[PDB]
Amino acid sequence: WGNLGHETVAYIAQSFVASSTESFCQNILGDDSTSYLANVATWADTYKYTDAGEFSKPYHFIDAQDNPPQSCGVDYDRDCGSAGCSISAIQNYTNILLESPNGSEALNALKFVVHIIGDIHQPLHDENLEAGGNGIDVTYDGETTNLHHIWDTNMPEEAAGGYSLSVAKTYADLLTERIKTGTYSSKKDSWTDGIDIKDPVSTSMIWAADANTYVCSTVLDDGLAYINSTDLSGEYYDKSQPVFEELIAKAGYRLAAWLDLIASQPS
């Protein structure tokens, strides 16, 4: 996701973490503001464009080598790669926070977890094709862009009504209510099925696999003829909105559950 997406996920997590988890995190981050997670949710995206952080570029995604929209699937051993991926990163950085939450590495580890759990839920971050669709040019609201970009940025920002931190906060509130009492409230207790602090690879693979199903059902199900030749701000946006909104919600809720486990469970 772009910035609004990451901040939204983070504000959602803030609304579900236990009070003791909130403490734990605030302490690591040196920030007790009401935006403590949201304030760090985009950091990894800066860092990957620096010399020092170049190594972390692969940690944003897992390039699933499947055949959408006919066949979707992710496989850790097949798809992670020699430089690492989102899944291996969640393993590493979770372990750092489990075993060395007061070491020098904890602060970045936590910032990475916050960001990467968000990225795992962007379906095109779990797809190899055309570099997660970056190489697929599209039209959106009369302008040329690419498919990855409209998922990261144009569509969620249109849905939210903007792109700043304050807009992220309002969008997070909308989606948080959907989890607590609204249209996601009867499904959300299944969203944490299979979660296991002692098997970060399995756990993050569940999430990556879940998001990847939407590559087939939603992102590319219209086919490339339609994707290449229509303005995707019409019916395509209408079809995609309930999916990206649910996935952002899942990311925030799963992030909260994960942080709660980090702040409380043994290795």
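Sequential numbering from 1, following the sequence displayed.
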Exercise. Once you work out the mean C-alpha B-factor for both 116-124 and 167-175 from the entry, which is higher?
Worked result: 167-175
Seminar exercise, completed: Between 62-70 and 34-42, the record assigns the higher mean Cα B factor to 62-70
For this session: Sort 56, 27, 50, 212 by C-alpha B-factor from the entry and give me just the highest.
Result: 27
Problem set entry | B-factor third for the C-alpha atom of residue 267 within its chain | highest
For this session: Would you mind ranking residue 207 by its C-alpha B-factor against the rest of the chain and naming the third, lowest, middle or highest?
Result: lowest
For this session: Please place residue 80 in the lowest, middle or highest third of its chain by C-alpha B factor as given in the entry.
Result: middle
Exercise. C-alpha B factor of residue 151, ranked within the chain: lowest, middle or highest third?
Worked result: lowest
Exercise. In terms of the chain's CA B-factor thirds, is residue 102 lowest, middle or highest?
Worked result: highest
